[PDB]
Amino acid sequence: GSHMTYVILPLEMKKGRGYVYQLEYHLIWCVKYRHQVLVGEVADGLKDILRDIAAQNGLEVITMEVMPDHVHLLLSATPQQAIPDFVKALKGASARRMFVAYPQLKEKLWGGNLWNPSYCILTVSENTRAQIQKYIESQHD
Amino acid sequence: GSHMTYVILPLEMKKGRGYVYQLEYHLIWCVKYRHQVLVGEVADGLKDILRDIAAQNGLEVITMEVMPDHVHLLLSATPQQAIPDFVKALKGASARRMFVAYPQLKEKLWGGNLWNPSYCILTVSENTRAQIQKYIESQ
Amino acid sequence: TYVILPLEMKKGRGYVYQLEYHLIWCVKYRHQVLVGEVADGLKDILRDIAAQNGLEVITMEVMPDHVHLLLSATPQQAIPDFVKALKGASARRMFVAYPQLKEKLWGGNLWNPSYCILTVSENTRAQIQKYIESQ
Amino acid sequence: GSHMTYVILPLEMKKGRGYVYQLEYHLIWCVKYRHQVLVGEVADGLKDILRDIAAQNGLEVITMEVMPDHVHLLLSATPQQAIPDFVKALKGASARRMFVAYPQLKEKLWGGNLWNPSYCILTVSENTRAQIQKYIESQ
DNA sequence: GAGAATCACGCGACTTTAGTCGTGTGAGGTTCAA
DNA sequence: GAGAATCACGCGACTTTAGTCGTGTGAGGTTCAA
DNA sequence: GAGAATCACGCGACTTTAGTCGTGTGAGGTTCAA
DNA sequence: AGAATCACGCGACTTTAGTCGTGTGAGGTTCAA
Ligand SMILES: [Mg+2]
Ligand SMILES: [Mg+2]
Ligand SMILES: [Mg+2]
Ligand SMILES: [Mg+2]
């Protein structure tokens, strides 16, 4: 026999002047020519640089994984932080700082680019789209 | 007793000049003073207005539910479509058009506002943050 | 602050439940015979058996060499019993309705003697465990 | 335009004579009259009893939480283990053993029942139903 | 004041030989929601 | 590439009185992965 | 052998004043998939 | 007894009205998605 039940859960979302939000993004990008250079101290240095850039731009880093040829970040941002801006900030500044800190990168990357010119980004929720859709439907009546 | 099986999962994404993406947002906002005015043809008129605005701004509507005192939207956008810009377009233009199309709203909303000044927005994924974090960890 | 999430369930005399199973089984020898009208007939037969046994079919997909079913059941409906009901009866009926199946299946079996079954929930196990901790 | 992504992910499953399966259940039940007696050593004793019964019956305990007035179990079973049978084994035997081990429970429960006569049970999967259905479509 | 999953009473099966499971039904009997 | 879920043979229960479920075991007998 | 996200060349905008983002196009120039 | 929500201030820009951006404070159409 059909029976709708309910569950109570604590809602911990971020608040701002005229907005309440919870915005997370899975951002991915590769090394130019997919060169496997992000290893050892180079990988460690990149993490420090990224976390610094994130802090400077008020971006919260949830998850950061550096693979030899690409990076995976899960960031939390405000509604005012446009995607292209923070991607540029992260990739552009890190490329600059990385070449300075690790000139040896120029051995495989002498064309003036550390990163692939493309980025991959997906919105991330705690639960799923389908689950959110049911929540919305349950709001009627 | 267990054996590790593995399956293939499909994921629909969009492509642009220098980016691959899948961006969806759950946007919510209420009626000013939380007045239950979004009912009957008022609600239907709002849906038509919102879909028009969305289409004009190149925003894909995944879900649109209009409750008496608030609206729930699920939108799909490009990386170049900033949040405040589309929220403004949606709320601002709809408030204007709604008052012109349904002047009777002024009975309970005479202060020049149809919408509460605040909006609530959440990023949306087909998989859970936990699942995604597990995926990331499996390199 | 607080959010009220919905959860659809069923009720019986002394129990509240939500039981769904993803059931899978293949054709004997993995022959690709479930095509065209044979596939359509199978679906009719399976829905009928499901109805006769009070099993709700949520999803059903018939591939040339195997079947996928997502069923809803009561706590009292034991797995082996409904799997037997679905496979045994469908095998019988299919052979009568489609004697052409005997071309590649003459040994008296339409189905592989094994079945695959997984329990299914609306939320992941991880989500459920998180809810459990919040109690 | 669109881009179609495909990711590979693991899935644990058990094998038996004529079946391959992964069956988990979230079982819940409350104390009779919802009395908050499952505390301290009483709660601890219950856990030992439940794990013993589960082991005696070949049921694997994935998660077990004992609140003052109810119990949450996440069990893993074979296709042959019928729900009513294992619910009876767990609640019935624990009620019996608990009263003998902790006679003090009789203070609030003198009617011969430790448990509410009802039980709640849900099938559990590692992935969500929507994802599973989505998979079924991909084949 | 009143229903059920939850309270109470009936019943059969079966382990735990007590106190659940299966189960129909009604009333103020230790209950009020996981 | 031979072991099993899947092939084969045995067994009892029970619906579909055929061909599954329950089940142990071994060989080359229509199989090869959902 | 030849397309783009990824390789290359064009182009503003703006930080990191270098090397991204925005962006159109095309060719065998350090690339081949998160 | 505060703020997201109520009110008053303020540019920017569409919808030239009523949002977005935004700081502050008072009790003045509000009380939670
Ligand atoms: Mg670029
Ligand atoms: Mg605002
Ligand atoms: Mg079998
Ligand atoms: Mg009972």
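Every heavy atom of this structure was used, including side-chain atoms; hydrogens, water molecules and symmetry mates were not. The chains referred to below are lettered A, B, ... by the order of the sequence lines, with proteins before strands, and numbering in each begins at 1.
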In terms of base orientation, is E:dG28 syn or anti, with the syn window spanning 90° either side of 0?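 It is anti.
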How would you label the glycosidic angle of G:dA8: syn (within 90° of 0) or anti?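 That one's anti.
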Under 4.0 Å, heavy atoms only, any strand: does [X] hit a base, just the sugar-phosphate, or nothing?
X      : result
A:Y135 : sugar-phosphate
B:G16  : sugar-phosphate
C:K104 : base

C:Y29 over F:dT30, stacked by centroid distance under 5.5 Å, angle under 30°: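 Taking the rule of under 5.5 Å and under 30°, the ring of C:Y29 does stack on F:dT30.
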I'd like to check, for C:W106, whether its ring lies over the base of F:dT30 with centroids under 5.5 Å apart and a plane angle smaller than 30°.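 Stacking is present between F:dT30 and C:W106, given that their ring centres fall under 5.5 Å apart and the planes under 30°.
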Strictly below 4.0 Å: does [X] bring a side-chain N or O up to OP1 or OP2 of [N]?
X      : N      : value
D:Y21  : F:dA5  : no
A:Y19  : H:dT22 : yes
D:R17  : F:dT6  : yes
B:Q139 : G:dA34 : no

Donor-acceptor pair (no angle test) under 3.5 Å: B:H35 side chain, H:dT30 base: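 There is none.
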Verify stacking: G:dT6 then G:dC7, 5.5 Å distance, 30° angle limits: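 Per the 5.5 Å and 30° rule, G:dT6 does not stack on G:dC7.
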With sequence neighbours excluded, tell me which residues meet side-chain hydrogen bond (donor to acceptor under 3.5 Å, both in side chains) with A:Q81.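 Here the qualifying residues are A:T78.
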If the condition is side-chain hydrogen bond (donor to acceptor under 3.5 Å, both in side chains), which residues does C:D48 pass it with, not counting sequence neighbours?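 C:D48 satisfies side-chain hydrogen bond (donor to acceptor under 3.5 Å, both in side chains) with C:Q52, C:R93 once adjacent residues are dropped.
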Could you write out DNA chain G as a dot-bracket string, with dots for unpaired bases, | for bases paired across to another strand, and Watson-Crick or G-U pairs counted at under 3.5 Å? ..((.[(((..(((....)))..)))....)).]
Does any part of the side chain of C:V83, heavy atoms only, come nearer than 4.5 Å to the side chain of C:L23, both counted from C-beta?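 Heavy-atom side-chain distance check passes, below 4.5 Å.
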Pairing residues for [X] by the side chain to side chain contact (heavy atoms under 4.5 Å, CB included) criterion, not counting sequence neighbours:
X     : value
B:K15 : B:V20, D:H3
B:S2  : D:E12, D:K14
A:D85 : A:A82

Please name all residues satisfying ring pair (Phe, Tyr, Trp, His ring centres under 6.0 Å) with C:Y131, sequence neighbours left out, ordered by chain then number.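 If we apply the ring pair (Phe, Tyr, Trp, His ring centres under 6.0 Å) test to C:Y131, skipping adjacent residues, there are no hits.
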Along nucleotides 15-20 of chain E, 5' to 3', which nucleotides get a B, which get an S, and which get a -, given that the test is a protein heavy-atom distance under 4.0 Å? SBSSBB
Please table the atom pairs, donor to acceptor, closer than 3.5 Å between any side-chain atom in residues 106-117 of chain D and protein atoms at least two apart or in another chain.
unit_1, atom_1, unit_2, atom_2, d
D:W115, NE1, D:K91, O, 3.1
D:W115, NE1, D:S94, OG, 3.2
D:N116, OD1, D:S118, N, 2.7

